[PDB]
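Each reported figure results from applying straightforward, stated rules to the coordinates on display, with no laboratory input. All Cβ positions, even for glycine, are placed from backbone atoms using ideal geometry, and neighbour counts span all protein chains on display.
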Amino acid sequence: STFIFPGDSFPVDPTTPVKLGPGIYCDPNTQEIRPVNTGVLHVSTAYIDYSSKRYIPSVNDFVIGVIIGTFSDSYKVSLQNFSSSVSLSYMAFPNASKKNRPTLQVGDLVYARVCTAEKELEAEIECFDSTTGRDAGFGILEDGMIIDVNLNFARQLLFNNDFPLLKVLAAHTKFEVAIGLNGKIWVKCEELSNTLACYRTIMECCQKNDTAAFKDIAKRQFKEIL
Amino acid sequence: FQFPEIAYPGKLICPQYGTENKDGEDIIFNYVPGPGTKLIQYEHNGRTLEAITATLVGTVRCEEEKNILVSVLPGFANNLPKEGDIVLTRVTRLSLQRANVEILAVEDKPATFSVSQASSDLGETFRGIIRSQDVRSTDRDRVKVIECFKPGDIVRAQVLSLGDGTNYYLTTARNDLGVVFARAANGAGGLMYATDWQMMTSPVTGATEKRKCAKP
Amino acid sequence: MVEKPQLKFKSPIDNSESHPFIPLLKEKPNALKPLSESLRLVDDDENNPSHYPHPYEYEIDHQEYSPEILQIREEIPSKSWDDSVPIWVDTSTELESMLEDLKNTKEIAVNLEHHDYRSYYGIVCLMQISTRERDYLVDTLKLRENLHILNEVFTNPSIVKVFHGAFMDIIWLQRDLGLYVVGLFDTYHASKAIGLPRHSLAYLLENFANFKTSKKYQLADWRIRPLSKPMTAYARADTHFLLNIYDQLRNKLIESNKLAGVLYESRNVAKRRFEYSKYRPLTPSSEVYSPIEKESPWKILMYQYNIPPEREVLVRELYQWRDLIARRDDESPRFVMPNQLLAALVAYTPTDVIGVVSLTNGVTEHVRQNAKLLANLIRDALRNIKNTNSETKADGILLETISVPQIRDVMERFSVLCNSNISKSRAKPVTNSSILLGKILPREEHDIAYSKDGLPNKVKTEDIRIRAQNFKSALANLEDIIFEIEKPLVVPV
Amino acid sequence: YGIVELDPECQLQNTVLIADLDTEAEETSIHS
Amino acid sequence: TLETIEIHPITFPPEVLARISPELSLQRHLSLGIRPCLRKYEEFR
RNA sequence: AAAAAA
Ligand SMILES: [Mg+2]
């Protein structure tokens, strides 16, 4: 693998046009491209994969947020603790209305995507994609349980279909699941013992971080509750 | 003027009312207090008396407008943002429906300016808010605030209404108002200059950012 | 099109407002106070003029609720939505059957439907009443003057009436149908007491019922007969599960001791009295409803569209005429002329019949025929505004009030004041020589420049002066930065 | 002492060493 | 061919330039070999 | 310191 360090020279020649991305920084004065994080450089597209527990607002990202406040203009939703609030408009719901407002209390789990996210402006999310049949699991998440994981474990789970988690958990139990890019995973089952079994697995899988240890953990966790 | 030219705080200048004889008719001079003066009450011969008394050390000026105005000019405080004045401000934060700033200097009248000295790391500096509808006369309804102003950019505006005792309400609707001084990437890059009214370019790194520019 | 039921009514509409609102109540069942004693008129106060009071005002307050509303009973599940069917009542023969059917019930859920576009006061269209095991849909068009017999059930304190937002329902009941409610329980006010996020009906059918609905047919015309499938779906859905929510909310209130407050606010809703805009109280209240609660209703119209206080006489006549025609042909003021089109008449002011017809998007029917008259009202208003078309003055009378020789007196008393005050001052001259810190503290700023030898050299005070003169001169006039950009797309002549 | 970098677009009428910093401009803008 | 376009830099009084920007007020001084306190590069107090 | 009916 090719490991990258901040401040190091950029291997990619400046001759051929290359689109930017997360992980690299374009100097507003010297106009030189330099890495600002530590990880593996992926060139297809140029970006850097680095370990981070803190999520930042970005366009077209699926996130699971919690309503921390209800205003007259929009909703105040926290995608993560201590981070700045996000603006969820009333018109950001399917079958929107003028006078009539969507029913959401403080503490309700919402599965939405980030539409407009500026660095110097308050981010905004919408409870309907733009668009994928208006139903990618978007909306209020009733009951269930959520778990905090690092951003590395969250993105690989949602995007990569070769990740042996949804594959190994589907065999142990039948359930619906929603994964956000802010390190939040929402899983709901029928019986509470199944949800608890799923929580303990992801908690241990994220800690150990091993692709081939998924089946081993899931086997001993589901047999522990019985 | 038959009245003392130099006046220290507490020095008597002129009584309440005055009159003179000219052209076979009595002309009534009405003395009114002004900046640096204060109408107070004195006692003498067992009888009350009201007279204009200077409260600031400086020279006395008697002027008339289309009545005699008595004011004392020192050798800032008097200058305060009022409806119609032009004010140089700096962007403190950006929201979606508006843009709040802080007042630095105020344009005088016939350029010269009056710099308001205050601590910017406390919040004692006067704060002002520019509404999204007050950005430009062109398309007042839909205006993208991100493509107009920027944190740190200097904006020349004109105050409409003072509102409450917290924030001032400015506007950049006209041509001579808008972002004056700004740099690339929120101040990280080089200096940028105003070319088009809705476009600001930088003749150094070749960077171009969308702002609300004024007329040179 | 659709024929208005006003012509099909046994009694013609009266938009005269020449007399205070007289209740259409004929028989007064379940009342301990005689009708003749409540048919009188209240004494006129400063704000309240002469008017007929609420008939059951003495019945609503004094009467007691059934002791079974004060106990916590288990919820009663609503009948199956797909299995149960709504019963339509369009004849008096099946109205009597429903009347005796409501008398053997403990509580009923009632909600109204209204249309205010083809009528001035508006007209009650559909009334949906639902019990525990069945639902009803009562037509208030054909059956209107005969619905007064429902007061036996509606004014009975033993039977609990379950409404939602009855603040407008009580008005519509007593105005058109002459119905009154004694023993009301408004689920809306109950939702407020609990602290529910939304006090709407769609939320109560969601959280406490799990029956997803939506606002589709509300402003829609309900006068159309017969009723379609999605309309009759929304019609019955209002009062169907309403009895289920009634028990659930009632149990919430008892354990939280908030039941006394809800029934209190419910009675105040049931005692709401309708009255015309003319004979309305001068003091605005929530106990008396009227179409216009402001003495000058054209005031708020101007401030909304930024109309200056000059064309007020124009917008007044345009408003009064719009109300005159609306009360003539029995139509809504917006149907005669919308506010947006009226604004075009105030802003543009067409002096001819050509400028009146063609404005904005479209023009309604009422102002099209009277467009010639509208051209005259503008010419009359412009004639009126042109018919009507103290600083030193107020001071001058005050200067002649005070004595003129007194000015010479107060000046002499001023001259003798200064000469006997500031003119006398004698003290031995004392040097301002420094005692301690007076030598070093106010020290003038000096600068030094070390040379190649390392010897300190005092910078002249004139040196820094020409430095400022050089800077202020160079900064005042900046050299215009000129940079050229290639343009291969441009061509010469 | 301080060390600053010059900006060509701010000329009137490549680092420079400054001695004895003072006021607000030399204190806040100079990070060396 | 070539398109020559000039721009007019907005100038401010010396006391206003300092309030607007601390760096800009310093650069204008350093260009003439002077400092905001009206001293040269190596001039002390 | 928005809210309910139609
Ligand atoms: Mg209803």
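Among the residues of C:473-480, the average count of other protein chain beta-carbon atoms within 10 Å of the residue beta-carbon is 5.
Each eigenvalue of the Cα gyration tensor of the stretch A:1-52, multiplied by 5 and square-rooted, gives one semi-axis; in descending order these are 17, 13, 10 Å.
All C-alpha pair distances within the stretch C:330-430, sorted into 5 Å bins from zero, spread as 2, 9, 12, 11, 7, 5, 3, 3, 3, 4, 5, 4, 5, 5, 6, 5, 5, 3, 2, 1, 0 percent across the bins.
Neighbour counting of Cβ atoms within 10 Å sorts the residues C:158, C:266, C:92, fewest neighbours leading, into C:92, C:158, C:266. For the stretch B:31-105, what is one quarter of the convex hull surface built on the Cα atoms, given in nm²? Mean shadow area of the hull around the Cα atoms is 9.1 nm². Computed on the stretch C:296-370, the Cα convex hull volume stands at 90 Å³ per residue. When chain C is described by a simple charge dipole with +1 on each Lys and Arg Cβ and -1 on each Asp and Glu Cβ, the residue from C:344, C:180, C:98 located farthest towards its positive end is C:344. Rg then Dmax, both in Å and based on the Cα atoms of chain C: 39.5, 124. Computed about the Cα centre, the dipole magnitude for chain A is approximately 460 debye when only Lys and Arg (+1) and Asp and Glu (-1) carry charge, each at its Cβ. Cross-link partners for residue C:258 among the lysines, with Cα-Cα distance under 26 Å and sequence neighbours closer than 8 places in the same chain left out: C:106, C:161, C:192, C:271.
For the peptides C:225-231, C:279-285, residues were scored by their other Cβ atoms within 10 Å and the scores averaged per peptide; the highest-first order is C:279-285, C:225-231.
Approximating the spin labels as points 7 Å out from Cα along Cα→Cβ, the residue C:421-to-residue A:103 distance works out to 7.8 nm. If all Cα-Cα distances of the stretch C:379-493 are sorted into 5 Å bins from 0 onward, what percent lands in each bin, rounded to whole numbers? Pair shares across the bins are 2, 6, 5, 5, 5, 6, 6, 5, 5, 6, 9, 11, 8, 5, 5, 5, 4, 2, 0, 0.
For the stretch C:450-493, applying the loop criterion from DSSP together with a ceiling of 11 other beta carbons within 10 Å to the trypsin sites (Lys or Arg not before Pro) yields C:452, C:460. Here the Kirkwood formula, the inverse mean of 1/r across different C-alpha pairs, assigns chain B a hydrodynamic radius of 20.8 Å. In the stretch C:1-295 the Cα-Cα distances spread across 5 Å bins starting at 0 as 1, 5, 12, 16, 18, 18, 14, 10, 5, 2, 0, 0 percent of all pairs. Across all directions, the shadow cast by the convex hull of the stretch B:1-75 built on its C-alpha atoms averages 5.9 square nanometres.
Normalising the Debye intensity of the protein assembly as shown to I(0), with uniform scatterers on Cα atoms only, and taking log10 at q = 0.07, 0.10 Å⁻¹ returns -1.04, -1.30.
Using the rule -39500 (n - 2.57) for each DSSP H run of four or more residues, divided by the residues of chain C, the 222 nm mean residue ellipticity is -10000 deg cm²/dmol.
An ellipsoid equivalent to the stretch A:144-226, defined through the eigenvalues of its Cα gyration tensor, has semi-axes of 18, 15, 11 Å when rounded to whole angstrom and sorted largest first.
Note that the stretch C:364-372 has calculated 3J(HN,Hα) couplings of 6, 7, 5, 7, 6, 6, 9, 5, 5 Hz, one per residue in order, obtained from phi through the Karplus relation 6.51 cos²θ - 1.76 cosθ + 1.60 (θ = phi - 60°); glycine and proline are x. Checked against a 23 Å cut-off, the cross-linked pairs A:19/A:119; A:119/B:150; A:119/B:144 all give Cα-Cα distances at or below that limit. Partners of residue C:458 within straight-line reach, counting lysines whose Cα lies under 26 Å from its Cα and excluding those fewer than 8 residues away in the same chain: C:439, C:472, E:40.
Counting only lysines at least 8 places from residue B:66 when in the same chain, those with an alpha carbon closer than 19 Å to its own are B:109, C:393. Taken over the stretch C:254-379, the alpha-carbon convex hull comes to 166 cubic angstrom per residue.
For the stretch C:447-460, the Karplus equation 6.51 cos²θ - 1.76 cosθ + 1.60, evaluated at θ = phi - 60°, returns couplings of 10, 10, 10, 7, 7, 6, 7, x, 9, x, 10, 5, 6, 4 Hz by residue, with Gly and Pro reported as x. The C-alpha atoms of the stretch C:1-44 occupy a region whose extents along the principal axes are 47, 29, 13 Å, arranged from largest to smallest.
Work out the P(r) tail for chain A: percent of alpha carbon pairs separated by more than 27 Å, whole number. Tail of P(r) above 27 Å: 44 percent of Cα pairs.
Scaled against 2.2 N^0.38 Å for its residue count N, the alpha carbon radius of gyration of the stretch A:53-143 is 1.00. Karplus-based coupling profile of the stretch C:303-311, in residue order and whole Hz: 5, 6, 9, 6, 7, x, x, 9, 8, with θ = phi - 60° in 6.51 cos²θ - 1.76 cosθ + 1.60 and x standing for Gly or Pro.
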